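1. just the starting chains for now, same placement as in the complex:
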Amino acid sequence: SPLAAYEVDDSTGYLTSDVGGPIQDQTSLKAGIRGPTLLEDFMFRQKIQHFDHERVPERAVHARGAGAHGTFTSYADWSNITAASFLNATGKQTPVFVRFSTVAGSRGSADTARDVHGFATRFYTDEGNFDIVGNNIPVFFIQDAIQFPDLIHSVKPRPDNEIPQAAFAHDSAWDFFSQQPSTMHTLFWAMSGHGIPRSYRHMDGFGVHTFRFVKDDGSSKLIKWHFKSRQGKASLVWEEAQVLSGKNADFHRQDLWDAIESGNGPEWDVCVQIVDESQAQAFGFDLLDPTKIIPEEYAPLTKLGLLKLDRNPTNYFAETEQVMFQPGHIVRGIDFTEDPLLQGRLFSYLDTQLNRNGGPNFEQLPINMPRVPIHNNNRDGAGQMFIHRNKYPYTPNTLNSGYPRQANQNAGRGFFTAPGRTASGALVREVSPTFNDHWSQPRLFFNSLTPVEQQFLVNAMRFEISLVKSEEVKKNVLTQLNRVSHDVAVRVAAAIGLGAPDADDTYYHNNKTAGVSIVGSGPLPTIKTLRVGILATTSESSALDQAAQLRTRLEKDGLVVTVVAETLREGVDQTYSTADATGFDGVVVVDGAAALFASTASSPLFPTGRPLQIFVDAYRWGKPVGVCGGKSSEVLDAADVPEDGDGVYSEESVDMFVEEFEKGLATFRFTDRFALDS
């Protein structure tokens, strides 16, 4: 590890300059005690120059994100399908670093914005660094990389005033979507719960593009990468996500960090779909088109190995901010395809690192270094950290005995382009007509959602599109939505007071696919790390005792428990003033606290009606909620919460309450609380 060698320990010692001279740094050098500061104060200038130059350009996209270290372990020797060394043996472990992100917001923007999300994984393999630079949605908005600035300019804030930070809440974004129909598949995903995942740990990762697996014999197959969450899939509800974006802008980065610090590091099965070269157009669409998925019914997933994140960074800036991913970081055994979105990406990520790093030696940053020797004739450049011994860095040479040697298919384990690949035809700036069906798969995705999930998507569209000022853009939007689903266009049109255009059934169908729905993916497989808010009072010794009782039990089941009361003390984590339902996955009121709720209700220590509002919000947003200890009635009545409601608990027995409530936490959302269009 190059990271270990560069760890700097400041737990002891006297302050020094960056050249080891002991110094101070608290008072400027001045000509007399009330005098002007001196130019000769080097202590001052070196410290302030450093401060003045701390910042580097944020990423052009995916600026907001967070990372962690961990380990990938192969489940088998996969030699039969790829020459990739990291996959060549059962149990082979390779270090990883992952960064997760949103796409459109700047650094500092909230984690819980509605957006596409990044899931970028570096495997520090024994034959070079291999990056899979993925998203949590398996399809992308556009079909050619040259369009990327168009898409991004359209979704980022309007450039006269840099308003708004909400990617989908403005005219220009919808102008682009409605004029560029390829966008429809990703737009439907982004309008689903996949736009507001519950956490990084509760989403999947996709390579998006078709890639190749290449064997040592030169043969190739076509693959899609799928990183399948072992935590289960889960989303926020929209109103919850909007509150969260104010109450805790760092919600996802904090959820990740805390899960790793508690020993609950997240896991994914790294999987592929594998198909033959001859099936490039067999599935009703072109595998070069990054706006299409291969339905799992046509190509099942094969599990290749386990990805686990189990260590946090030491210095966020040095590790997370400076990690520089590239789809060009490929290894023997993997190759590209002619997907025009992937093709252009290869150029963009090598170039943009010059912008961020300010010089060409970015791969020498510890987080970017490989874990094998580097042998090449790259030299000089700003920020050169190596002292190269070889004074004849050219090929061919005799003066260094012909080293470094060329690597290729038959030497040195070289990378090699899949040798079956060809190209033929004119040199064209033309779109393949095989790419032209922009609507069937959006409809496939929509069909595969549950009824209340369909409602949530329609409601997201109603919310966002109602913020578009231009009537002409809104009509254009309905034109495209209607090519996917007339019912979607009708329902969305109703909220914005326009008429939907008449049904156009060209692309309509009733087909469905497995594995895309959040609401239909079933209870979570684990409730470890999920958050329980226990609403108590310092008024009643019995209330605090009840909360402590609940705590001990819930904690041994891996839940993160917060006891809330008017003021802090022994056993109480959070005041009502700072508490919010967005902080919890379930809320329990201890019945000793009934007085705070069954009330209007007033104190200089928190806002009027806060305790009840926490419970009310939690219910409205679908969470398991309950009252533990004796007389539920009054709290549930004060909240207008029905005691017979699914995911509403009322028990005197602490043990029965915990059992029932824990089943609620796995269910995670009670969707019968949300109204549906008739």
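-> Yep, it's here. Numbers count the residues shown, from 1 in each chain, chains lettered A, B, ... in the order given.

2. can you give me the helices for the stretch 501-650 of chain A?
-> In the stretch 501-650 of chain A, the helices defined using DSSP state H, counting those that start in this stretch lie at A:541-556, A:594-597, A:610-620, A:633-638.

3. residue A:368 is nearest to which of those?
-> helix A:541-556 (39.7 Å; C-beta to C-beta). The way it works is simple: take the backbone N, C-alpha and C, and place the C-beta from them, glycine included.

4. same for the closest one, what does it pack against?
-> Judged by 3 or more C-beta pairs under 8 Å, 6 or more residues apart in numbering; DSSP states H and E, helix A:541-556 is in contact with strand A:531-535, strand A:560-565, strand A:586-590, helix A:654-667.

5. at 6 Å what do you get?
-> Under the contact criterion of 3 or more C-beta pairs under 6 Å, 6 or more residues apart in numbering; DSSP states H and E, helix A:541-556 touches strand A:531-535, strand A:560-565, strand A:586-590.

6. buried set for it?
-> A:542, A:543, A:544, A:546, A:547, A:548, A:549, A:550, A:551, A:553, A:554 (16 or more other C-beta atoms under 10 Å).

7. need the residues you listed in a markdown table with distance to residue A:154, can you?
-> Below are the buried residues of helix A:541-556 laid out as a markdown table (distance: C-beta to C-beta, whole Å):
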| residue | distance to residue A:154 |
| --- | --- |
| A:542 | 58 |
| A:543 | 53 |
| A:544 | 54 |
| A:546 | 54 |
| A:547 | 50 |
| A:548 | 54 |
| A:549 | 54 |
| A:550 | 49 |
| A:551 | 49 |
| A:553 | 51 |
| A:554 | 46 |
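
8. one step back: in a markdown table: the helices of the stretch 501-650 of chain A, plus distance to residue A:95.
-> Shown next, in a markdown table, are the helices of the stretch 501-650 of chain A (distance: least, C-beta to C-beta, whole Å):
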| stretch | distance to residue A:95 |
| --- | --- |
| helix A:541-556 | 32 |
| helix A:594-597 | 50 |
| helix A:610-620 | 40 |
| helix A:633-638 | 50 |
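
9. extend the structure above with chain B:
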Amino acid sequence: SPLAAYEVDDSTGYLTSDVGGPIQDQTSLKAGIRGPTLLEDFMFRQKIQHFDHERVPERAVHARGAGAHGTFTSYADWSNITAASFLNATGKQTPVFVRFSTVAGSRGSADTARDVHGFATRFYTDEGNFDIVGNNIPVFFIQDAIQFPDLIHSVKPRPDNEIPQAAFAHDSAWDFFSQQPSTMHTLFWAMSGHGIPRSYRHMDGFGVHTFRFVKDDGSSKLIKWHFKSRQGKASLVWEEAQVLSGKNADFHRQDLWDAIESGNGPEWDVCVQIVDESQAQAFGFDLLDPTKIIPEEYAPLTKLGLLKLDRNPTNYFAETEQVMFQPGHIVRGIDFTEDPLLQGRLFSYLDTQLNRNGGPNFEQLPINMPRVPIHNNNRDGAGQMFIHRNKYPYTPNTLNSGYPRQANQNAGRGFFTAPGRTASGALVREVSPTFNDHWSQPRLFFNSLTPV
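-> If we add chain B to the chains shown above, we get the following:
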């Protein structure tokens, strides 16, 4: 627009490269209709290279902010207290640009966080650009610029995990405040409604530091700048600010934008407290200490002129993101004081623009340019736009007839340091004992608030 000369119109025309060759930009050049992309596709590369390099480093502090253009109008001829040209005639008008901001959060952090706020004003005067780089709170946390990184590291997110955004909600910030008691006065202000103003239009601007006004005869007085809102002061309530941060992270920038578009451009009376040099220690504290206000009961405000913001930018990046303020942008008639916070600032803002701009010619960006001619011997550097005719850029010269000439108090309307300033004593890294009362003024402030 005052930057009309630099505008580029794209309401008509065919797409071109940056060198005027008509091109397309929607499909990559490929070897066959389902083929790989070609390296010879210059259309693709020049567009993507530009996109790849769009971003520049955010400001080290005050990263989150918004700006507008306007006009300053002097109420009087202020010659009898300052030689400043922009203040030398009743009704004299000078263009301005102002940027408002928070302090701690990054780009895209919400407007309605609890924080200190910036209020930075550029006057494009007929004798040079003059910047007053102020905040909405009249006192600062610390008493020496060398401590700035300490303060800022402590309020910014913890550096292992970059949590939390939200300057005051974590241990390190309160560790620093409690170890560095100078911070109490600004801390009390930030914990008041001044930490969550209703808009940029409903807050005041303060230079914080004592500065000097200098007359053409060389006499000086000590001043504090106060920009007093004509919209009134108003705050959010905290609960509301928290919900707004989520519902509308752009709330202050939109409020300002909208007010200008509707013809309600915000206004401030630009004022000063003026006191004699003999009064530097007369008010029971030291006027060099930036943690203290001069109570208005001791020195009333004089209104100098009107600041009105009435024109939004054309391109946010080019104007607002790229504007580069400096307290060293000073003009004849103003001078510095030995406030050790101010003193170090003068170094920081000139250096940090190298970081943002990536080269030394940042004064050439349209928003940074002055509105009068430039005559000097600065040359070259990355990004040099100017084509200088003078092929002898050194002084003293005879081969360019001794031009440019030196400007000073007696010739050429030069800047000059206030000639009554002196220094005396040991060269010390010592804090004046006159700085040591960290608590009385925070109590003055608290006492001055209503009960609620």
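
10. re-run the earlier check on what packs on helix A:541-556 with chain B in the model.
-> Using 3 or more C-beta pairs under 6 Å, 6 or more residues apart in numbering or on different chains; DSSP states H and E, the elements in contact with helix A:541-556 are strand A:531-535, strand A:560-565, strand A:586-590.

11. redo that, cut-off 7 Å
-> With contacts defined as 3 or more C-beta pairs under 7 Å, 6 or more residues apart in numbering or on different chains; DSSP states H and E, the packing partners of helix A:541-556 are strand A:531-535, strand A:560-565, strand A:586-590, helix A:654-667.

12. can you tell me which of the ones you listed is most buried?
-> strand A:586-590 (a mean of 28; mean count of other C-beta atoms under 10 Å in any protein chain shown).

13. got the angle between that one and helix A:541-556?
-> Interaxial angle of strand A:586-590 relative to helix A:541-556 (axes from the mean of the first three to the mean of the last three C-alpha atoms, to 10 degrees): 150 degrees.

14. what packs against strand A:586-590?
-> Looks like strand A:586-590 contacts strand A:531-535, helix A:541-556, helix A:610-620, strand A:625-628, helix A:654-667 (3+ C-beta pairs under 7 Å, 6+ apart).

15. okay, these in TSV with distance to residue A:19 next?
-> Below are these laid out as TSV (distance: least, C-beta to C-beta, whole Å):
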stretch	distance to residue A:19
strand A:531-535	48
helix A:541-556	50
helix A:610-620	55
strand A:625-628	60
helix A:654-667	56
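
16. now do the contacts for the residue lying closest to residue A:15 once chain neighbours are set aside.
-> With sequence-adjacent residues excluded and distances taken as C-beta to C-beta, 6 or more residues apart in numbering or on different chains, residue A:15 is closest to residue A:23, at 5.7 Å. Neighbouring residues of residue A:23 by C-beta atoms under 7 Å, 6 or more residues apart in numbering or on different chains: A:15, A:16, A:17, A:43.

17. closest one to chain B out of those residues, please.
-> Comparing those against chain B with C-beta to the nearest C-beta picks out residue A:43 as the nearest, at 7.4 Å.

18. here's chain C, drop it onto the model above:
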Amino acid sequence: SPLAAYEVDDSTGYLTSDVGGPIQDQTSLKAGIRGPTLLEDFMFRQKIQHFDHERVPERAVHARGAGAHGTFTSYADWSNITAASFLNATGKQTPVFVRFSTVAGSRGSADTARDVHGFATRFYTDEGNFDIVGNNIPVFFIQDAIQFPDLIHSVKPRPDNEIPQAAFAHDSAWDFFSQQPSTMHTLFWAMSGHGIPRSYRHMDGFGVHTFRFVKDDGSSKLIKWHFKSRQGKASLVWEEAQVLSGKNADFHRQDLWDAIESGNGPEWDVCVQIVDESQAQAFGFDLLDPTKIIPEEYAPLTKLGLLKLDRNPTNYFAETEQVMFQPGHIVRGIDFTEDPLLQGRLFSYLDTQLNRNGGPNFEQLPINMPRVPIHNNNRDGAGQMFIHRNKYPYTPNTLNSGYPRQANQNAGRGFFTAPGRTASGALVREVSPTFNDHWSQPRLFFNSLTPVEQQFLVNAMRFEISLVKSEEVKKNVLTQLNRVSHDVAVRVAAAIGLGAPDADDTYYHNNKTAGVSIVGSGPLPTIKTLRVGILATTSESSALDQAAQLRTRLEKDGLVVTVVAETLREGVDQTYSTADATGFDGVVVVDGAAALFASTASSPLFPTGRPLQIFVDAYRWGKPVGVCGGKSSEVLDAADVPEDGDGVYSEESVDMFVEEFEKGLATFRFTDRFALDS
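-> So that you can see how it sits with the rest, here is chain C on the chains above:
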């Protein structure tokens, strides 16, 4: 070995990317064998991106230079005059790196231009890096750092056409000198032999400024740094320097490299003049004025230790090009003075490294690292290598238990400003009248040169000034020269078509000072590394035999021998076609080769007259020359060289030839061959 941890070996292995993936780099990936190159060719792009970004800005001055590693060893414990740790014990060793340079030319300009030269030394001390950033001339052109760009613009090429390279050969430089008379002292130095040293090893190093030595008790003394060459002082003659600029632009860098490779690493005694603070104005000038020396007659040198350079770099770019010196790299025991030239330097060198390195972490380059631990709260910035474990990098803190601790005079061996220093008075942009005598010291320096040396300086002035177009500028130059010396003005004026102004005796005097003359500094103390060219012929096996004999005699004494003949073979190093007298410190003809020695001598293998012209040029340029074997007349008469001349040798006996000739090498130059004005 001092930077061994950063070394990269490429003597074995297969080529890899920068992230360790084995690759090739000799053929682009193409769509067919005669097809266009593919964007997906990451091998191509990463290699070419690196190439495209290899260059960094050259230094703003001193762009042309060369460097080496070495060791400093202290002669004593100097705690009686300084707290500095590297000087605190007899025998104490500290690693060093030195870079030597010219000043005006760009990084590809010739070594042997007439110029001021740099001598910058880094001591990697056990209390931090300490740099002495000196020159080979003890005084500077200007008295205030603010004037630096005026000076440098005036000497660098005219900015319309970037002509001429060659600092003194144009109007603007002499315009500046004549308008800014402070320049006279350094000008007279640069017009002497000190402007064209024979090698970096044959020049001294000076700090120029008065600095302070500060004891641990707080008391201070004023010092000047003098690095006195143990190789002796030596110059080129001007015509020779001009020829060398064309025949070997790398002459000084090669001389240094070679001396080190041969185990003849150059040495200096590091010395100071030490005077009391009360003697700031006692010597008839102000010690804050960098245009003045303290004559050695008023303040003798104290030898502090030995500097020896003995290891060449491994990678020039990484070590020599990237070394970033600063006078701000100061250590406890040393302080600044209020010299206004020094004061502003402190700002310049910290700022300019942002330009060169392109980011703030330049102290992390291996050559710039200290050799002790770094403990501070500087963070982030582009190119940040360090992974800092202290997540509370602010002072004051409790969450990192108050570390790093402040260092100062009384704790932690902090740097401290000399506590006796004060300032008093108005804040002014005024020059001290104590700086106003710009002419007395130039006259002192001129008076201390020998007659022939004064002639050489006049002749350099005549050469350069005659290239100034402007008759006004020429007139103004003679006004200033005449204030130093009427006779200089007269003699210069005679070459350039003008009358000198009448004598103005205000600053005239006859005082002299020791240690500044080159011609007067006596024979060299060592002749090891000096170059002897033996001119032979392949047309007589006897001539080669003589050459071989002489070679062994000369090599025994550490001279570097080149045997020249018409064509190469074993024992012959160089052809006449490539050889030139600039290549040698002495020239010997073996008498077996006498037939070659005619201006008549014609051949397709070398220019007509070449063998003889080497001998004639050597003679004209002052060098020891002779004929070995017993028959000298034919060669000597062809050369018009008299047999009884001083530094002309003729002997049959090889031993007796060599004994005589080695005395001539030590004398080095026979100045009786140069005409004097009468």
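
19. could you re-examine what packs on helix A:541-556 with chain C now present?
-> Helix A:541-556 sits against strand A:531-535, strand A:560-565, strand A:586-590, helix A:654-667, with contacts defined as 3+ C-beta pairs under 7 Å, 6+ apart.

20. contacting residues around the first one?
-> Going back to what we said before, that points to strand A:531-535. Strand A:531-535 is contacted from outside by A:547, A:550-551, A:554, A:559-564, A:579, A:583-590, A:593, A:611, A:614-615, using C-beta under 7 Å, 6+ apart.

21. tell me if I'm right that residue A:492 and residue A:480 touch.
-> No. Assessed by C-beta atoms under 7 Å, residue A:492 is found out of contact with residue A:480, at 11.0 Å.

22. give me the distance from stretch A:375-390 to the chain's centre.
-> Remark: stretch A:375-390 is offset 35 Å from the chain centroid, using C-alpha atoms, centre = their mean, to the nearest Å.

23. residue A:455 and residue A:676 touch, don't they?
-> Yes. Taking C-beta under 7 Å as the definition, residue A:455 is a contact partner of residue A:676 at 5.1 Å.

24. who are the contact partners of the nearest residue to residue A:440 once chain neighbours are set aside?
-> By the measure of C-beta to C-beta, 6+ apart, the closest residue to residue A:440 outside its immediate chain neighbours is residue A:507, 4.9 Å from it. Residues near residue A:507 by C-beta under 7 Å, 6+ apart: A:437, A:439, A:440, A:443, A:483, A:484.

25. enumerate the residues of the stretch 51-200 of chain A near chain C.
-> The stretch 51-200 of chain A comes close to chain C at residues A:53, A:54, A:56, A:127, A:128, A:129, as judged by C-beta under 7 Å from any C-beta of the partner chain.

26. the closest residue to residue A:357 other than its chain neighbours: neighbour count?
-> Counting by C-beta to C-beta, 6+ apart, the nearest residue to residue A:357 once its immediate chain neighbours are dropped is residue C:382, at 5.8 Å. Number of residues near residue C:382 (other C-beta atoms under 10 Å in any protein chain shown) recorded here: 25.
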